[PDB]
Each structure stands twice: as C-alpha cells, then as structure tokens.
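Fold and geometry: a report
Residue-level listing of the chains:
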Amino acid sequence: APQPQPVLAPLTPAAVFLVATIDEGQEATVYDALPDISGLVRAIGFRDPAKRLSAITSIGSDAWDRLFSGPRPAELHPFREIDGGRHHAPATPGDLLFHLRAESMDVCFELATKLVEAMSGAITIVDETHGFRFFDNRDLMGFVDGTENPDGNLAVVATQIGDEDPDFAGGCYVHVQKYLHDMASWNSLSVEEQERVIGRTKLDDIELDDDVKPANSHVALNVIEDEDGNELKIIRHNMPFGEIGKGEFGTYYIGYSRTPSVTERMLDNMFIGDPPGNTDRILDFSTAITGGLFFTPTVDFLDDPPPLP
Amino acid sequence: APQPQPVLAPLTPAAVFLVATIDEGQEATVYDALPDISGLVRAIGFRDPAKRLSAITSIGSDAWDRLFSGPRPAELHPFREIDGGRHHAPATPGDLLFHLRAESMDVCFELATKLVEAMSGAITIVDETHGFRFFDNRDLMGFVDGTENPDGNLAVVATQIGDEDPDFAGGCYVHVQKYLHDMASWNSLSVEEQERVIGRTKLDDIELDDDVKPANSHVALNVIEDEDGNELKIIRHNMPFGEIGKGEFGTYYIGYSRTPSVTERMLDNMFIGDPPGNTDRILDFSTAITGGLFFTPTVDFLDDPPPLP
Amino acid sequence: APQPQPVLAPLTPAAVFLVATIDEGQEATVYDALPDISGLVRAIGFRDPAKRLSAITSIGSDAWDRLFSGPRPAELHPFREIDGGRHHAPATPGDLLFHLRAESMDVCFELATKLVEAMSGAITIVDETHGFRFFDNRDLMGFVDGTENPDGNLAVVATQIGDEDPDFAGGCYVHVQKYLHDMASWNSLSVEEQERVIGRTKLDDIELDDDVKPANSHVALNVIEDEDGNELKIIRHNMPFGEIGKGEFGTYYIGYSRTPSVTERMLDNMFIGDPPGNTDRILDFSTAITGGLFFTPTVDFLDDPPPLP
Amino acid sequence: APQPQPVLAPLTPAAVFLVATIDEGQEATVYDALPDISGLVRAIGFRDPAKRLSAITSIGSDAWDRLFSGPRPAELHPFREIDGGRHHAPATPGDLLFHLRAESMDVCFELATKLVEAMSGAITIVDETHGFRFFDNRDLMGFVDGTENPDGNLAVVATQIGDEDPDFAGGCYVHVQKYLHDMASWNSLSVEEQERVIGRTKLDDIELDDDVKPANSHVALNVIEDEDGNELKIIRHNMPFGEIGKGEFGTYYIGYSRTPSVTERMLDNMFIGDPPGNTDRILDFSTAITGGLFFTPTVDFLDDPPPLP
Amino acid sequence: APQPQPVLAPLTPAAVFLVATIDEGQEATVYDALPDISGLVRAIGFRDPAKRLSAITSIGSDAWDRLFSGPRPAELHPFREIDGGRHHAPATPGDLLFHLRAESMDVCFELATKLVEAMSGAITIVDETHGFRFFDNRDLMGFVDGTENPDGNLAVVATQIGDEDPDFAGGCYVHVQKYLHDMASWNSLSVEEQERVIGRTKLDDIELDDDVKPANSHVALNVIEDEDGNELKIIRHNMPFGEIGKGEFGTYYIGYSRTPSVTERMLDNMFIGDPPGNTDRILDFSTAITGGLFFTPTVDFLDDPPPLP
Ligand code: HEM
Ligand code: HEM
Ligand code: HEM
Ligand code: HEM
Ligand code: HEM
C-alpha cells in the first residue's frame, strides 16, 4: 500500500539533477508545490509516455525540520563531511533534491522549468547539472558505469524501508556527490593501470580475478560484507555531465540506499579508506565538489504531507 | 489468482471499438466464440509481440441475462440515458463491446475481422470506429487527453473489483460515449476560452490554478471527492476518430471503473451538472451520439464461462 | 525470496544454445564459473540494457552428481531416449546447457565467448547453434511458433517449482531437441495439408475448428488434459537455426516445465503417439538429432552453490 | 566534384556549438588539426553510424587572414554589429566555429572533446552551448522552429556557392546569434499575442492569413523578396539551450546562407526593421548575447588547405 | 544509365556470404537463375522494406569463361595465392559469390534459401558463413572495423568502373578472405601492443600519431599512396563470424574495388609486406583460410546477360 517513488527505474539517456536550497520564510510556498509534483510529472510525461519521465523528490534534514511536523526519519542527518587523509568530501547546503530522468533532455528540462516556477521566489537553485549518458552506459573515465545495481527482491530490500521505521515504510536515502575528475592525468595513464583503479576491465567490463584485483580498487573497496555473510548493495544512477568551455568532465554520483550507514561506510572505504588501504584509487583522479544527504519519501507522503509546523 | 482483462495497459497509437448487438436466438453461437477470444488474441498478436495487441471483451446487461446463468454483477444495468437541461446522453442498444488496442491499425483490424467471423451471422455491428491517436496523445480539441489516469495501486483499486462482489473479483464497468463535437465553433473560439472549458492549458497541459480554474470546467467537474477525503478515479482510453468526408471529428470516450456509480456521478456532474454549475463547458461543443454500460469479466471468466441458461 | 532464472522472458530475435559436456576431473573449474555467470550477464548486458541479455544456466543429471552435494531434484534423470515405432528421439551426452537470449546476436556471442573461457579447458562444447528468429516469430516450416505460451499466474505455476520440492523452490526442467527437418518434402506439400500437420492456420495462425482439426495434428497431440480438468502447459523458446551450406533447416526446440513428466508425456504423444494416433504429423518431416534433460536452478542457487562433493 | 560540408542535414535531437578563438602565434597548431577533423568525424561517428555525427567547421575573417594564404571569400568580413533603435546585435570575437550535430549528446560531446585536444593550448573556447531539441522541433518560445527550410534544388542554390566565386565553389556563410530570451514576460503573454509575434500558429504551426499576419511579425519580416520575384531563403539549425540554475532559456540561432547579404538583410529587417516597422516583435523578448560571421569551406578545402602564410 | 549493384550500402547488422562453385555441365541452370536474382531480392526484401535486403552477385574467372560470351573484364583473373615469407594467403576454388546483407538474419537466410534452390543441383556451396555484427561495428579483435570507407564521389570513383573499361561501366572486383584468427594469444596480449598492431586506438578508434604509429601496423601498411599524390581507397564490408563449438573466431574480410591491383597491392603490403616491413602485425594473429577474386557486374548485366557460349 505505500507506493514508493520511482527509484527502481532503469538508467535513462538524459537526466537533470537539481539541488535547490529553500529561502528563509518560504516554507508554505514549497508546501504548496510538494503535492503538485506527481501531478506535474503525470501532466508533462504523458506527452510521449514512452519517454518515462520520472521525478525523484528528495528532502534534506533542514527542509525536514522546517517543512514537516510529526515524526522524523531515523538516520536523516546533514551529510557528514569526510575530511580524510588527502581527499575531502565536502557538503554544500542543499535543502531539497530534484532528480529527474527520462529518455530525452527536453522533457526533463520542461519538468524542471515547471518545478521551480511552481514555487517561484521560494528557492535558489544551488546546483544545476544536465547529466547525459555515454555510449554503452559509460562515464567519462571510459568504464561502463553502474553495472552492479541489483534487481527485484535484492533491490527493493536494498532501497525501500520496511517496518524498521514504520512511519516511513518505503523510501530511501540519497547521497549526491558531484565529482569533477581531471582527464589530463587519466588519459595519459595507461589502460591496465586504470583497470587497477577500477577493478574491472574497460572495454567489456569483466570483473577482474579476486587475486589479480588490488585491495585499493574501486570495486574492491565499495563491496561491503556484513558479519552474517550477506552483502549490502545500493542503487546508483551515476550520470556523467560536463562543460568543455571550462574543461569540466564530471560524473554526478547519486546513490539511493535503505540506510545512510551503508553509503557512509562505502564513503569511508573510499576517502578514509580501509585501515590497510586508506585511499581509493579513483579518488586520486576524482575530487568531490558538492555533497548532500537527502530522504526520498513515498509519493503518498507527497500526496498526504504532514501539517506544516 | 483471478487474472483481469488487460485494461491496465498504456494508450496505444491505434484502437478499434466494436459495439455489436446479438441477434435473437443466437446465444450459443456467441457462447462458442467467447472462450475463443483470448486464443485469437494470443494467435494474432504474437505476430509482432512488440505491438501489444490486447482485446477487452465487455458484456452489457441484456447479453448477461441472455448468455450467462448463475449470478449477476451487482450494479450491471442498462446505461441510464441522461436527459439533462440542454444536453442529452443517449443509450443505443449494444449487447457486447469489443475494445481492441495495439501499436498499429492492421492487427486490430485483423483481430476484429476474426472476431465477428468466429460468430458469423450471430451479431450485427452497430458501432464501427477506428480510433487513431494524435501527436502527443491529443484529441481533436487540441488538448492532451487522458493525462490523469492513475498507476499501480491507485489504479488497480480504481478499476478491479475486490471481494465487495466476490463472484466477480477482478473486472470493471465500461461507459462508452461516442462524441461528435463540432470544430467550426471550437476553432473560432480563442485559446484561453478553451482553457476555461478544459481547466488545464493546451500546449503544455499544466493544470490551472484552483482559483483561476472555473467551476464549470471539465477538470473541475469530473474530479469527485468522497466524504472520507479520498478521490475516486477512473481509467479512460479516449481515442479520437473521425471522417472528414462527413466532416466528423469525434473523440470516442470509454471509461473503465470499479463501479458505475462513479462514472455516472461524473456524467451527472457533466450533463446534469453541479447544482451551482448545471452544464459542463465541453458539452457546449460535444454532443454524445451513442452510449452503453458494459461489464468486463476476467479472462478466467471467458475461459470458464457459467453454463448457458 | 527464491529468485528464479529468467525463463519468464519474451522471445528474443537472437539466441545461442550451448550444450557443453564437462571433462573428467574438471569439477572445481566449473564450480568456479557457476557463481560467475550472473556477474558476467550483468557485466556484458548492461552495455545496451535495452537488449535484455539473459542467460539460463541448466544442469543435467551427471553434472548434478558430479558438481553438487546434498539433495537432488526429484525428477532429474537422463533424457529417456524415445525409440518409437518409426521416429526415434535420441539423447546425446550433455552435462550443462547455456541458454542465451537477447535482442541481437553479438551480445549473446560475447557472453558465450566469456562463458567457456571462464572455465577454459574444463568443457567441450558438444552442440553449437545460433538461433535466429523469422519474420513474425515464425519457424522454418512457415508457421508462427510458440503462440500458446502462458503468461502470469498460469505461467509461473507452469514453470516454477513451489514447495512440492522445497529444497528447489523455483526452477524448471529443460528438454532440448535439435530438429533438422527437411524442406524438400515440406515445400512440395500443399498448405492445407500442412495445416492438417500443425493444427492451426499458416498465415494468420488461427487455431482450427475442433472437428476440423485431425487427431494426429501437433496442436491436437501436444495439449494435455488432466483428470481434474485443468490443462498442463509448458513454456518453449523454440528458435530456428540452420546452415544452407549443408542444406540444414532446423528448429531448436527447448521446453521449460515444472516437471519433466509433462514434457515427456508430450513427447510420448508425439513419438509414441496416442494409442489411436501413434505418430505426430510433424515427425513425418522433423527428425530429432540431439536431446537432453536438464534442470534450471535459482540464481540464488548459483550465488550459493552447495559445497563440492 | 567539390564536396560541401554536411550542412544539408536534417535537424538532430542534440547539437553542440563551439565558438573558439585562436590564441596568438598558434597558427600551425590549428593548421595541423584542420585536415584531421573529417578523420575524427569518420572515426567517432562510425561507432553507431545511425547517429549521423556531422561536424560543420567554420572559419571567421581573422582566422582566414591568419591561417590561409592565397584567395579570400568575397563577402567574408567581421560580423557587423547592428546597433538598432532599441535592440543591439553584438559581435564577440570568435575565430572558428565548430557546429556539431547528431542523434545523441554523447557523440557530439566526444567529438568536441577530441577537437580541442587535437589543438591543445592553441584555442580558448569562448562560447559553450549544448543545444538540445524540444518535443516536435519546438523552441523555448513554444513554437515549432525551422519549418521553412528548403529542400533539394531550392536548398543547394540557397546555401552552396556556385561559380560566382569559383575559388570557393561549395561553401556557405554562417551567422550565429546566441539569444537569451526571458520567459517571465513571454509566459504571461497570451497565445494570440504570441501568434502576432511569430506570424504562425503555436500548436499546429499553420501560417497565418496574409491580411491577418501583422507587418512586424517574425515570419512577415524575415521573408525576403527580390526584384525579379524570387525569394531568397537560408537554412537555419536553430537549437534551444538553457540553464535553469541561472534561469537562462535561449535559442542558439545559426543561419547558413550562400551570401551574408541575405542574412544581414534579414537581420536588418529584424533589428533595424522595415522603414514602416522598425522593430521585430520577437526582439521585444529576445536579446542577442553573442554574434559572429563565419565561412564554411568544402571538406576538400580542409583536406587540401592552402599553404600557411 | 548503368545501374550498379548495391555495393554502396551501409554496414548491416547481419550478413550472409556464400561462395558456391558451379558443377560441371550446369551452365544453363545458373544462366536461368542469374536474371532471377534481383527479382528474388525485390520479392523477399519488400516484406519489411526497412530491413534493406541487398544481394551482391559476384562472378569469378572460371564462371565468366563458362557462363558468359563476348567480352571479359580486363583484370578478372583467379585470385593469386600469396605465398609470403611466413603467412600464406590461399585461394580455394569458388565460381560465384553471393553477398547478402540486411538488418536481420532471417531475410538473408530466406534469400539464400531461395537462391540455391532456384538453381537446385547446379551448385555446391563451398563456404557458408553467417556474418553477424558486434556492438559498435567492432570485430572479434575488439577494434571498430571499417571506419575508413569513403562516401560519395570518393567512393563511387573508388569502386565503380567508368569508361576505362566501357563494356563494364559500373562494377567492382571482390576479394574475399575468410580469416580464423586465434583469441588465445590476442587476449593475453595487452591493449597498447594491440594498438601497435592495428594503428588506431581500441575504445574510441582515434587514429594514432604518424610518428607514434609503427610502420608494420595494419592502418600503416594498408593505406596506399600513388605517385600523383592521391590515395586509392577500397570499400570493405568486413563482418565477423564464428563458431564457439569449434572455438572459431573469424572476420570475413570482403573488399570491393575498382581494380584488383589496388586490393592486391594491399595484400602485398600485408603478406609480402613492405621491403622495410615484410610482415603485417595483424597477420601474426590472423591466418587466412579461404580466398577468391570475383567481379560484380551491373544489375542491368544480370537483367541483360550476354548469350551463353
Ligand atoms: C568518483 C566518482 C565515481 C565513479 C566515476 C564511479 C564509477 C564506478 C565504476 C566504473 C564502477 C564499476 C562498474 C560498476 O560496477 O558500477 C563502480 C562501481 C561501484 N561504485 Fe562507483 N564510482 C564513483 C563513486 C562512487 C561512490 C561515491 C560510491 C558510493 C559511496 C560508489 C559506489 C559504487 C559501488 C557500490 C560499486 C560496485 C561495487 C560492487 O560491484 O559491488 N561509487 N563505480
Ligand atoms: C466529450 C468528450 C470528452 C473529451 C474530449 C474529454 C477530454 C478531456 C481532457 C482533454 C481532459 C484533461 C486532460 C486529462 O486530465 O485527461 C479530461 C479530463 C477528464 N475527463 Fe474527460 N473528456 C471527455 C468526456 C469525459 C467523460 C464523458 C468522462 C467521464 C464520465 C470524462 C472523464 C474525465 C476525467 C475523470 C478527467 C480528469 C479529471 C481530473 O483530472 O481528475 N471525460 N477530459
Ligand atoms: C519438431 C519441432 C517442432 C516444431 C517445428 C514445432 C512447432 C510448433 C508450432 C508451429 C506450433 C503451433 C503454434 C503454437 O501454438 O506454438 C506448436 C505448438 C506446440 N508445440 Fe511445438 N513444435 C515442435 C516440437 C515440439 C515439441 C518437441 C514439444 C514438446 C514436447 C512441443 C510442444 C508444443 C506445444 C505444447 C504446443 C501447443 C499446443 C497447444 O496449443 O496447447 N513442440 N509447435
Ligand atoms: C530570436 C531568436 C529566434 C527565434 C526564437 C526564431 C524562431 C522562429 C520561428 C518560431 C519561426 C517560425 C517557424 C519557421 O518558419 O521557422 C521562424 C521563422 C524564421 N526565422 Fe527565425 N527565429 C529567431 C531568429 C532568427 C534570425 C536571427 C533569423 C535570420 C536572420 C531568422 C530567420 C528566420 C526565417 C528566415 C524564418 C522563416 C520566414 C519564412 O517562413 O520565410 N530567425 N523563426
Ligand atoms: C585479417 C583480417 C582483418 C581485420 C581483422 C581487419 C581489421 C581492420 C581494422 C580494425 C582496421 C582499422 C579500422 C578501419 O580503418 O577500418 C582496418 C583498416 C583497414 N583495413 Fe583491414 N582488416 C583485415 C584485413 C584486411 C585486408 C585483407 C585488407 C585489404 C587487402 C584490409 C584493408 C583495410 C584498409 C584499407 C584499412 C584502412 C587503412 C586506412 O585507414 O586507410 N584489411 N582493418
């Protein structure tokens, strides 16, 4: 009966990520537009319903204490800035996240055009990326991106909250991280060195052998084993973006998870690293620019918001 | 375990609606063809299975008392002709409704060709429309049509009968209404006047503001609030048709619902109107030509029909 | 919670069937690659995820007694060679079956390239067919092939094992039969004679009338009635193959079922035939070349194999 | 025998416009990359040849006097900045124009990535727009854009230079103009007022009646009659761009023509206006930001450049 | 007025190559079927005309002296077997070549089925390959294949014979070479070594720098400069094939050219090699299995064959 937000969707060829911070004293203006979002999605994306326009509304901690009364999600907190040994993962202020995805750029652009002008003057858009998609789902590093997202049962228990928090049954936690990795050192790097970086191959994306794969690789550090033996997986819709006029080539990481402890332990395996391997090899090239922790509610939660405190 | 008929399907670019009345004393001839319909669908539509040929067999009240013994659907009755103040909603006799939908016209045409000639001589086809589909799901009025159909849970409880009638768990009620609205007055009418008619915009189909939207608009009158606060929604596959040789430009309305009280209250909000607003603004231009109330059974019900009385 | 293998998938325009026998003393080499198969599928098919690359790993009886300890599937046995009156259904040795299916030939070819070279030297590929797909899902006989596969509930209870064997809840049994039917006698045969062979029409694939359809037709002999009145259905992904350089025109039959008693009774209705009709009319033209009985496990069963005996 | 650059191509769903100015003393570095451009196009766009990756190299006046010796195109000059009565058409310095167009964003992005890093350090990219494409070829104004481009003979004599300049037989002249029109006043404007602005309708893009169409409309001012009676047409690939984080909604105008006198007379009919109508109605909303006049050579001219002076 | 055979066609996702030798005394039987080929192409490929079924009939030297009277093509000769220093290029007997290409495998298979059974008993099919196509036009080596085929004027003068032989104005010469390159040594070879082999990159197929590219690379040896300065190009539709049951992974090379001196000088640059570089680096891995020189006539030449001698 709790219908979740469309996070369990395939990767789309175009995507728009919008991190907008809410201005002071403009609570009820966003409280108007928050039930209107699914109406705008069904209004716009029904023009070409075979484009699969799907918005993912997400709300941070500050926007939760401002906008909503009653309960609170249990692990919803501001994104812990990870000041590691060499690489730092910053956290810019962002109240709400609009994650838009469809088959083409225009319908995402029009949904975002109608989104901020349903709450005109209430928000300033802090982060504006138009994430496109490479040839066979690659990123700018050249490796195929996101091939280990689960499906079915191993995905709905990976993302959707059950009754471990029954007031928010259904719903995820989001970690956006806008990277801006350089290509000057990455392109001069050779391919087998880059496969030591990633942990899988580049052309065919075969995972490497367990003894051949180094301990500080990305696919080596991001896999998380529990003590019972089950592995915890997240679903990430990482879409590359970039502007050649500034020479920017970045991959907008965005990870959906049942609890932010899993994503934060992955980020601890990357930035803080393992106690053997204290650095992740992709962070030698990728520097995070933005960061934020958010919460997806159900679409019923946007349909029936709790009253404004 | 009751598999419903494929009503929960997206809008297809071509559609064929058949309202055929059963001749006198030809009961067992249709009783032969009624289990054969899903076999014909799987037979024809498997040629190009990425055309999604899907028939929706529907049965009226007279064909229920003739064809089937045992129980009866609780609210199945002949379509109440709504003789309002100015606009009248007539009800031509039609026993069964064949609703066909697929990606192209030809496979719907061939399924309909095999449908009446599986029961040859038993029926006369009263109403023959070949509903095509406009650019971005528009109708002949120019507005995008059917953008507020629900999905998922809010659709299956909107259409499929639970155990409030347990002998027909799964199954809908159909209201066909073949409109023949004129374009001479509609085209000379200006756009903003037409947005007062509809209640949403024309180009981008944004719903208007609640104070800006007039009370006699279509989207204003057709949304139904209950006393608990939930809204009752129906699913409609309205497909435009037309013949320019007669100058006909019509939209074949067809609405699927869990109970005909909801659709009939929508028709009462349109023709009879609200006690404040006694006329719906689209009925100034749209005159209904046909009308009928039908019942979708399950496909198991066509597989296992009750014995012929 | 048991996730089955992707057998409930639509027919794809290209398919690769691999019947590879395991060499002596190479048990642990295949035991390495058997958890790696879903990883290779998610690795390769994520390049163009709208190609739907889906492998179906299947294991015969000999490979079960060699590879796996613990329990055994209840009806898993070597494929009983049917030496009928005139037509014989042979059974070549084959340990495991790799059934690959996607929208194009190349990604199936690359998955098969990575499959045998994940277990290099451990297997010899006995049977190598590249099954393509005709115009509207036809076969080389000219008839539309596989139009009576069930969907939904009538398919999951047709294929997936419940708790009648609770140690293998979810999982099917496979009957491959590589036919090599001649076209010289079939093409000189007239159309209506061929519709007596099949039991359905050729151009539009309408099923024939029950009195018009002969008793020795294919669609007449292969439908199985039980004593309670329900019919037992299987799901078959029959893909045509062929080599004109040898003049070969064959249809690689492959049938998935909940229990091999159903498929074996269909084969008894074909080769042994009915006690009235002892021959199936398509076996006058189709001679089986290969044969094998296999078992699909769950993908969890490949993820968590029982320990190697 | 002179093969022109691919200007006679249909409008593509994604486009990248690059206006890069050449740094001082970096002439031979661009002289290396200028024959390499068609090689890079055939190298990258052959991956998915059904994406139609097509670059249009264009060279301004300064880059012509720097890069090329020998002759000069007859009307090639710096873009005359039109300081009208109210609206001004500026001209930023830009040496060369890279016009990229294909079915998707990624292959244009990769061609542009390889374009500046074939001449690394020689150029600074002044203008960086990623032009996407709306629903039915619309722009951000909502009107269908570019429906009056000619085809066939009326297009090749509209764009390609014959032997009126025989040293550059084949080749066009380009007028880029990056507009940044506001949507706050345009959206509050009503639709029939906007049809007075454009001169055609908005939903169906029917051209208005000749008496109904005002004299200061866009389609009224931009059609140019000669004294013999023929009309001079240009081909424009106007692609919308925009950034909602700055609130930018612009249409990157780019017009290809046989001679810049035609495009400049169109710009004089817009900014300077007619002596009756001195303002074009779309310039009330559209303010030009950039501007430049360039020259397309043949691809043979890039294959065989004249020697560097 | 001479319409050439459809050699100037894009690379198709499926292809069938058929090298059939004509039996002794079966001249008039092939002389019947040779005008019937374009009729069979228009007959079969018009079913789905958006599959682009296109046959390329080719005739060797022996079939020319047997089948046709009158003139002879000037350079038509049996394929000179190149017995180099280490690699040998053999030449199996093959009279005619049937090159079939379309969007899918089935219509090529059906055209080939109707081709040999229009001349039943007159031919034996010596070579039977079903060439499929990799992800982004790659081959089994992993490199993108055929990205330097010309287009337009530089292609029609590269392939079609003018009036240097006016009796066969229009028409090409074909060099088929079925390679069977091993993957065991190629896969263990590293990427940059393979880019020394090819001469271009692997992932993005950028051509290497002229000083970085070695002299014995494939792209280094196969480009042919003339003494006037123009380069002679051929058009090749190289399609990969293979059978994993034998472990075969081959690329069916097929090259169309205006004169076989160009293709033979390319083969001399490969097998015999340059006098500096006597071996081509891809021939370390690729061993030719078959070989043949053929002649494409015009389709008018098949429509109006010269009388049988
Ligand atoms: C710096 C930007 C990043 C890039 C370019 C990147 C790219 C990739 C690539 C290419 C892979 C291998 C293919 C696949 O399995 O997805 C991968 C794996 C993965 N990435 Fe990332 N990634 C980035 C950051 C992150 C972050 C910040 C997280 C989570 C905190 C993350 C989570 C994962 C996980 C969980 C896997 C799969 C590990 C396994 O297969 O179980 N990535 N990433
Ligand atoms: C006269 C022919 C009709 C036309 C041309 C028409 C067209 C439209 C259009 C353009 C909309 C707005 C877009 C959308 O929300 O669907 C709409 C809304 C709707 N129509 Fe109709 N309609 C017609 C008759 C009917 C009838 C007879 C019914 C039911 C008895 C009906 C039920 C609805 C409902 C329920 C809505 C949506 C209200 C809301 O959004 O909740 N319509 N129709
Ligand atoms: C000799 C090669 C075979 C060919 C060419 C072939 C082809 C066909 C065709 C054309 C049909 C009718 C269309 C459709 O309903 O699928 C059909 C029906 C069927 N075939 Fe086959 N078939 C072959 C062998 C088999 C085998 C070996 C089995 C199972 C043991 C089998 C099981 C069935 C079943 C169950 C049906 C449907 C009967 C009904 O509709 O309920 N077939 N086959
Ligand atoms: C300010 C940005 C501009 C926008 C949004 C715009 C948009 C449009 C639209 C919507 C049309 C009508 C549909 C069609 O015929 O193309 C049109 C027509 C046209 N535009 Fe533009 N345009 C712009 C600027 C320009 C400029 C700067 C030129 C050339 C100097 C130009 C040349 C034309 C021409 C020649 C026509 C067609 C007139 C006729 O049909 O013969 N436009 N434009
Ligand atoms: C052994 C099997 C062969 C393979 C796998 C192969 C593959 C390739 C590849 C990957 C390229 C680079 C991409 C492209 O430019 O096409 C290439 C280039 C080329 N190949 Fe082949 N090739 C083979 C044999 C041949 C033969 C036998 C000929 C002609 C006699 C030939 C003629 C060419 C030419 C002319 C080029 C382009 C050189 C230039 O760019 O101007 N190839 N081949």
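Residues numbered from 1 in each chain as written, not as in the entry; some residues may be left out. Chains lettered and ligands numbered in written order. Part of a larger assembly, values for the part shown. Heavy atoms only, no water.

The record lists cryo-EM as the method behind this PDB entry and 3.7 Å as its resolution.

Note on the copies: chain C fits chain A at an RMSD of 0.0 Å, the axial shift is 0.1 Å, and the rotation between them is 120°. Overall, the copies show the geometry of a three-fold rotation axis. When C-alpha positions in chain C are compared against the rotation axis, the closest is assigned to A50(C), at 7.7 Å. (Least-squares fit on C-alpha atoms.)

Residue and element names in this part refer to chain E. By nearness alone, 24 residues border ligand 5, and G146, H218, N222, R236 and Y253 come closest of all. In the environment of ligand 5, a nitrogen atom lies 3.3 Å from a nitrogen or oxygen atom belonging to the side chain of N222. Elements that contribute at least two residues to the shell around ligand 5 include exactly α8 (218-222), β12 (248-257) and α9 (260-272). Residue composition of the shell around ligand 5, grouped by class: 11 nonpolar, 8 polar and 5 charged. (Near = heavy atom within 4 Å. Polar contact = N/O pair within 3.5 Å; in protein donor to acceptor, adjacent residues only side chain to side chain. Helix = DSSP H or I, 4+ residues; strand = E, 2+ residues; numbered from the N terminus. Nonpolar A, V, L, I, M, F, W, Y, C, P; charged D, E, K, R; others polar.)

Attention shifts here to unusual backbone geometry. If a residue is not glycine, its phi is most likely negative; likewise, a peptide bond is most likely trans. All names here are of chain E. At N137, a position not held by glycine, the phi torsion is positive, near 60°. Counting through the fold element by element, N137 comes out in the loop between β6 (123-132) and α5 (153-159). Phi is positive for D205, close to 60°, though the residue is something other than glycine. By the element assignment, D205 lies in the loop between α7 (191-198) and α8.

Before going further, it helps to spend a moment on the coordination of the iron atom of ligand 5. Of all protein atoms, just one serves as a donor to the iron atom of ligand 5, and that atom is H218(E) (NE2), at 2.8 Å. Among the structural elements, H218(E) can be located in helix α8. (Donors = N, O, S within 2.8 Å, 3.2 Å for Na, K, Ca; no water.)

On the side of chain C, 28 residues touch chain E, which itself brings 28 residues to the contact. Note on chain E versus chain C: buried area summed over both sides is about 2,400 Å², and carbon and sulfur give 68% of it. For the chain E face of the interface with chain C, the top three residues by lost area are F109(E), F135(E) and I244(E), together amounting to 30%. For the interface between chain E and chain C, the tally reads 0 salt bridges. At the junction of chain E and chain C, the tally comes to 4 residue pairs in polar contact. Listed by contribution, the elements that provide at least two residues to the side of chain E that touches chain C are α4 (105-116), β6, β11 (239-243) and β12 of chain E. (Contact = heavy atoms within 4.5 Å. Buried area = accessible area lost by both parts, 1.4 Å probe. Salt bridge = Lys/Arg side-chain N within 4 Å of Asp/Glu carboxyl O.)

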